[PDB]
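Take a look at the structure set out below.
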Amino acid sequence: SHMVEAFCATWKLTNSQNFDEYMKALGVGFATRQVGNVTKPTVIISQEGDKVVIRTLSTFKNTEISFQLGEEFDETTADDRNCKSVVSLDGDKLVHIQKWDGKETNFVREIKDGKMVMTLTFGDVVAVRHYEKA
Ligand SMILES: O=C(O)[C@H]1[C@H](c2ccccc2)[C@H](C(=O)Oc2cccc3ccccc23)[C@H]1c1ccccc1
């Protein structure tokens, strides 16, 4: 996929806005939130066949998801939520939906001026994270 290629790279977190409140709305407790706030992840996005693969490396733990665009799959998040998830293209954007325990959250990945911007929404709580190619 052409639009996915813009995301395919090794990325490092450079800025985060309101992620603590976002985690709080998800139900993450204070201490685990501290882990989420201090960790600096390395995020590798790639295309392998018809699958998109997102590998995240950090001291806390490493995660890996592999999916076909628009196909629902089971996802265990870094905070151990067991979700039904789907990642789809919306124009040039990647939209990731996570459903668990009757709840729903979504986040959007965009390439803007060569950087990756992730906007996360749960209810009316919004967080924004910036990443740059490593
Ligand atoms: O930035 C990313 O893409 C990923 C980071 C990461 C992953 C694995 C290990 C450590 C960090 C974010 C993140 O902080 O995860 C959480 C870590 C700890 C607790 C968390 C609680 C709730 C939610 C995330 C947590 C990962 C990420 C992926 C997709 C959307 C937002 C954040």
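Chain identifiers are assigned as A, B, and so on, following the order in which chains appear in the structure tokens; residues are numbered from 1 within each chain, and ligands are numbered from 1 in order of appearance.
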
Sorted by chain and rising residue number, list the residues of chain A at most 6 Å from ligand 1 (counting only C-alpha atoms and all ligand atoms), each with its closest atom pair and distance in Å to one decimal, as JSON lines.
```
{"residue": "A:23", "atom": "CA", "partner": "ligand 1", "partner_atom_place_in_ligand_line": "22 (C)", "distance": 4.9}
{"residue": "A:28", "atom": "CA", "partner": "ligand 1", "partner_atom_place_in_ligand_line": "21 (C)", "distance": 5.9}
{"residue": "A:32", "atom": "CA", "partner": "ligand 1", "partner_atom_place_in_ligand_line": "19 (C)", "distance": 5.6}
{"residue": "A:33", "atom": "CA", "partner": "ligand 1", "partner_atom_place_in_ligand_line": "19 (C)", "distance": 5.6}
{"residue": "A:35", "atom": "CA", "partner": "ligand 1", "partner_atom_place_in_ligand_line": "18 (C)", "distance": 5.3}
{"residue": "A:36", "atom": "CA", "partner": "ligand 1", "partner_atom_place_in_ligand_line": "18 (C)", "distance": 3.6}
{"residue": "A:39", "atom": "CA", "partner": "ligand 1", "partner_atom_place_in_ligand_line": "11 (C)", "distance": 5.5}
{"residue": "A:41", "atom": "CA", "partner": "ligand 1", "partner_atom_place_in_ligand_line": "11 (C)", "distance": 5.2}
{"residue": "A:56", "atom": "CA", "partner": "ligand 1", "partner_atom_place_in_ligand_line": "7 (C)", "distance": 5.6}
{"residue": "A:58", "atom": "CA", "partner": "ligand 1", "partner_atom_place_in_ligand_line": "9 (C)", "distance": 5.3}
{"residue": "A:60", "atom": "CA", "partner": "ligand 1", "partner_atom_place_in_ligand_line": "9 (C)", "distance": 5.3}
{"residue": "A:61", "atom": "CA", "partner": "ligand 1", "partner_atom_place_in_ligand_line": "9 (C)", "distance": 5.1}
{"residue": "A:62", "atom": "CA", "partner": "ligand 1", "partner_atom_place_in_ligand_line": "8 (C)", "distance": 5.7}
{"residue": "A:63", "atom": "CA", "partner": "ligand 1", "partner_atom_place_in_ligand_line": "8 (C)", "distance": 5.9}
{"residue": "A:78", "atom": "CA", "partner": "ligand 1", "partner_atom_place_in_ligand_line": "8 (C)", "distance": 5.0}
{"residue": "A:79", "atom": "CA", "partner": "ligand 1", "partner_atom_place_in_ligand_line": "21 (C)", "distance": 4.7}
```

Could the residues in this selection be saved with N, CA and C atoms as a PDB file, in the first residue's frame?
```
ATOM      1  N   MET A  23      -4.692   7.959  29.784  1.00  0.00           N
ATOM      2  CA  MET A  23      -4.568   6.692  30.498  1.00  0.00           C
ATOM      3  C   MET A  23      -5.534   6.634  31.672  1.00  0.00           C
ATOM      4  N   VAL A  28      -6.422   3.200  33.937  1.00  0.00           N
ATOM      5  CA  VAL A  28      -5.089   2.826  34.395  1.00  0.00           C
ATOM      6  C   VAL A  28      -4.820   3.502  35.732  1.00  0.00           C
ATOM      7  N   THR A  32       1.015   2.538  37.300  1.00  0.00           N
ATOM      8  CA  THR A  32       1.141   2.118  35.911  1.00  0.00           C
ATOM      9  C   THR A  32       1.168   3.332  34.995  1.00  0.00           C
ATOM     10  N   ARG A  33       0.358   4.347  35.310  1.00  0.00           N
ATOM     11  CA  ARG A  33       0.422   5.589  34.550  1.00  0.00           C
ATOM     12  C   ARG A  33       1.823   6.181  34.601  1.00  0.00           C
ATOM     13  N   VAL A  35       4.595   4.548  34.751  1.00  0.00           N
ATOM     14  CA  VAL A  35       5.350   3.797  33.748  1.00  0.00           C
ATOM     15  C   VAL A  35       5.061   4.343  32.355  1.00  0.00           C
ATOM     16  N   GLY A  36       3.780   4.530  32.032  1.00  0.00           N
ATOM     17  CA  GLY A  36       3.430   5.032  30.713  1.00  0.00           C
ATOM     18  C   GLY A  36       3.983   6.416  30.430  1.00  0.00           C
ATOM     19  N   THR A  39       8.195   6.190  29.968  1.00  0.00           N
ATOM     20  CA  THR A  39       8.815   5.345  28.958  1.00  0.00           C
ATOM     21  C   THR A  39       8.962   6.085  27.633  1.00  0.00           C
ATOM     22  N   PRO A  41       9.398   5.036  23.920  1.00  0.00           N
ATOM     23  CA  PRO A  41       9.368   3.844  23.069  1.00  0.00           C
ATOM     24  C   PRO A  41      10.060   4.046  21.732  1.00  0.00           C
ATOM     25  N   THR A  56       6.885  -2.369  19.048  1.00  0.00           N
ATOM     26  CA  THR A  56       7.247  -1.306  19.975  1.00  0.00           C
ATOM     27  C   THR A  56       8.206  -1.870  21.010  1.00  0.00           C
ATOM     28  N   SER A  58      10.659  -1.100  24.404  1.00  0.00           N
ATOM     29  CA  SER A  58      10.911  -0.220  25.535  1.00  0.00           C
ATOM     30  C   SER A  58      11.452  -1.054  26.687  1.00  0.00           C
ATOM     31  N   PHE A  60      10.074  -1.141  29.611  1.00  0.00           N
ATOM     32  CA  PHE A  60       8.920  -1.737  30.272  1.00  0.00           C
ATOM     33  C   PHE A  60       8.594  -3.099  29.673  1.00  0.00           C
ATOM     34  N   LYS A  61       8.422  -3.151  28.357  1.00  0.00           N
ATOM     35  CA  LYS A  61       8.156  -4.394  27.644  1.00  0.00           C
ATOM     36  C   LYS A  61       8.172  -4.082  26.156  1.00  0.00           C
ATOM     37  N   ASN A  62       8.222  -5.138  25.353  1.00  0.00           N
ATOM     38  CA  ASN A  62       8.078  -5.027  23.911  1.00  0.00           C
ATOM     39  C   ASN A  62       6.718  -5.576  23.504  1.00  0.00           C
ATOM     40  N   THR A  63       6.091  -4.930  22.521  1.00  0.00           N
ATOM     41  CA  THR A  63       4.827  -5.386  21.964  1.00  0.00           C
ATOM     42  C   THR A  63       4.976  -5.530  20.458  1.00  0.00           C
ATOM     43  N   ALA A  78      -0.199  -2.881  25.797  1.00  0.00           N
ATOM     44  CA  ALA A  78       0.908  -2.818  26.746  1.00  0.00           C
ATOM     45  C   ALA A  78       0.415  -2.837  28.186  1.00  0.00           C
ATOM     46  N   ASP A  79      -0.781  -2.306  28.441  1.00  0.00           N
ATOM     47  CA  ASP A  79      -1.361  -2.325  29.775  1.00  0.00           C
ATOM     48  C   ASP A  79      -2.290  -3.517  29.995  1.00  0.00           C
TER      49      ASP A  79
END
```

(Q) as an MDAnalysis selection string, please: the residues near residue 11 (chain A) (cut-off 8 Å, only C-alpha atoms, same-chain neighbours under 6 positions excluded). (A) chainID A and resid 42:44 131:134

Output N, CA, C and O atoms of each residue in that selection to a file, as a tab-separated table (two decimals), in the first residue's frame.
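Writing the result to again.tsv gives the following:
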```
chain	number	residue	atom	x	y	z
A	42	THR	N	10.51	2.93	21.16
A	42	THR	CA	10.92	2.86	19.77
A	42	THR	C	9.85	2.10	19.00
A	42	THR	O	9.55	0.95	19.34
A	43	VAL	N	9.29	2.72	17.98
A	43	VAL	CA	8.13	2.17	17.27
A	43	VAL	C	8.55	1.92	15.82
A	43	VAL	O	8.86	2.86	15.09
A	44	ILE	N	8.51	0.66	15.41
A	44	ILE	CA	8.90	0.25	14.07
A	44	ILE	C	7.64	-0.17	13.33
A	44	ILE	O	6.96	-1.11	13.75
A	131	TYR	N	6.28	11.77	17.12
A	131	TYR	CA	7.39	10.86	16.91
A	131	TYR	C	8.20	11.32	15.70
A	131	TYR	O	7.64	11.86	14.74
A	132	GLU	N	9.51	11.08	15.76
A	132	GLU	CA	10.42	11.40	14.66
A	132	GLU	C	11.20	10.17	14.25
A	132	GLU	O	11.50	9.30	15.07
A	133	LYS	N	11.56	10.12	12.97
A	133	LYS	CA	12.34	9.01	12.45
A	133	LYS	C	13.68	8.93	13.16
A	133	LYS	O	14.33	9.94	13.41
A	134	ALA	N	14.09	7.71	13.49
A	134	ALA	CA	15.39	7.48	14.10
A	134	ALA	C	16.35	6.96	13.04
A	134	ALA	O	15.97	6.16	12.19
```

Q: Can you work out the spacing between CA of residue 126 (chain A) and CA of residue 21 (chain A) in Å, to one decimal?
A: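 So the two atoms, CA of residue 126 (chain A) and CA of residue 21 (chain A), lie 8.2 Å apart.
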
Q: Find the residues around residue 52 (chain A) up to 12 Å (only C-alpha atoms counted), leave out those fewer than 4 positions away in its own chain, and share them as an MDAnalysis selection string.
A: chainID A and resid 1 3:5 7:9 44:48 64:71 86:89 94

Include N, CA and C atoms and write out the residues we just selected as a CSV table (one decimal), in the first residue's frame.
```csv
chain,number,residue,atom,x,y,z
A,1,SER,N,0.8,-1.2,0.0
A,1,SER,CA,0.0,0.0,0.0
A,1,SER,C,0.9,1.3,0.0
A,3,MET,N,-0.1,4.5,0.7
A,3,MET,CA,-0.3,5.4,1.8
A,3,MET,C,0.4,4.9,3.1
A,4,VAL,N,0.5,3.6,3.2
A,4,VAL,CA,1.1,3.0,4.4
A,4,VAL,C,2.6,3.3,4.4
A,5,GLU,N,3.3,3.3,3.3
A,5,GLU,CA,4.7,3.5,3.2
A,5,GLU,C,5.2,4.7,4.0
A,7,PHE,N,4.4,5.7,6.7
A,7,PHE,CA,4.5,5.4,8.1
A,7,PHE,C,5.7,4.4,8.3
A,8,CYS,N,6.2,3.7,7.3
A,8,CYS,CA,7.1,2.6,7.5
A,8,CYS,C,8.5,3.1,7.8
A,9,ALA,N,8.9,3.0,9.1
A,9,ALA,CA,10.1,3.5,9.5
A,9,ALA,C,10.3,3.1,11.0
A,44,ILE,N,8.5,0.7,15.4
A,44,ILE,CA,8.9,0.2,14.1
A,44,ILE,C,7.6,-0.2,13.3
A,45,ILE,N,7.3,0.5,12.2
A,45,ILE,CA,6.2,0.2,11.4
A,45,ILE,C,6.7,-0.3,10.1
A,46,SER,N,6.1,-1.4,9.6
A,46,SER,CA,6.6,-2.0,8.4
A,46,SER,C,5.5,-2.7,7.7
A,47,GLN,N,5.7,-3.0,6.4
A,47,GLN,CA,4.7,-3.8,5.6
A,47,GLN,C,5.4,-5.1,5.2
A,48,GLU,N,4.7,-6.2,5.6
A,48,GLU,CA,5.2,-7.6,5.4
A,48,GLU,C,4.1,-8.3,4.7
A,64,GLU,N,4.1,-6.4,19.9
A,64,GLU,CA,4.1,-6.5,18.4
A,64,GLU,C,2.7,-6.9,18.0
A,65,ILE,N,2.2,-6.1,17.0
A,65,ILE,CA,0.9,-6.4,16.4
A,65,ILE,C,1.1,-6.5,14.9
A,66,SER,N,0.3,-7.4,14.3
A,66,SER,CA,0.4,-7.7,12.9
A,66,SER,C,-1.1,-7.8,12.4
A,67,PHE,N,-1.4,-7.1,11.4
A,67,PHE,CA,-2.9,-7.0,11.0
A,67,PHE,C,-3.0,-6.8,9.5
A,68,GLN,N,-4.1,-7.2,9.0
A,68,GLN,CA,-4.5,-6.7,7.6
A,68,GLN,C,-5.4,-5.5,7.8
A,69,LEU,N,-5.2,-4.5,7.0
A,69,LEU,CA,-6.0,-3.2,7.1
A,69,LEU,C,-7.5,-3.6,7.0
A,70,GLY,N,-8.3,-3.0,7.9
A,70,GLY,CA,-9.7,-3.2,7.9
A,70,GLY,C,-10.2,-4.5,8.4
A,71,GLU,N,-9.3,-5.4,8.9
A,71,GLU,CA,-9.6,-6.7,9.4
A,71,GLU,C,-9.5,-6.7,11.0
A,86,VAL,N,-9.2,-2.9,15.3
A,86,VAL,CA,-9.1,-2.8,13.8
A,86,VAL,C,-8.3,-1.6,13.4
A,87,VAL,N,-7.5,-1.7,12.4
A,87,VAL,CA,-6.7,-0.6,11.9
A,87,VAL,C,-7.1,-0.4,10.4
A,88,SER,N,-7.4,0.8,10.0
A,88,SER,CA,-7.9,1.0,8.7
A,88,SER,C,-7.3,2.3,8.2
A,89,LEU,N,-7.3,2.5,6.8
A,89,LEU,CA,-6.9,3.7,6.2
A,89,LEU,C,-8.1,4.6,6.1
A,94,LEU,N,-4.0,6.5,9.4
A,94,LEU,CA,-4.2,5.2,10.0
A,94,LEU,C,-5.1,5.3,11.2
```

Q.
What parts of region 45-106 of chain A does DSSP call strand (DSSP E or B)? I'd like the answer as an NGL selection string.
A. :A and (45-48 or 51-57 or 63-67 or 73-76 or 82-90 or 93-100 or 103-106)

Q | Minimum-distance residue to residue 112 (chain A), chosen among A:82, A:37, A:6, A:90 (using only C-alpha atoms) | A | A:6

Q: Determine which residues of chain A receive a DSSP assignment of alpha helix (DSSP H), computed from the backbone, and state them as a ChimeraX atom specification.
A: /A:2-5,19-26,30-38

Q: Rank A:108, A:98, A:118, A:59 by their smallest atom-to-atom distance to residue 26 (chain A), using only C-alpha atoms, and report the top residue only.
A: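 Smallest distance to residue 26 (chain A) is found for A:98.
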
(Q) Need the shell around residue 22 (chain A): protein/DNA/RNA residues with any atom at most 7 Å away, counting only C-alpha atoms. Skip same-chain ones fewer than 2 positions apart. Format as a PyMOL selection string? (A) chain A and resi 18-20+24-26+122+125-127

(Q) Can you tell me which residues surround residue 130 (chain A) at a distance of at most 9 Å, considering only C-alpha atoms, apart from same-chain residues fewer than 4 positions away, and format the answer as JSON, numbers by chain? (A) {"A": [12, 13, 14, 15, 16, 17, 115, 116, 117, 118]}
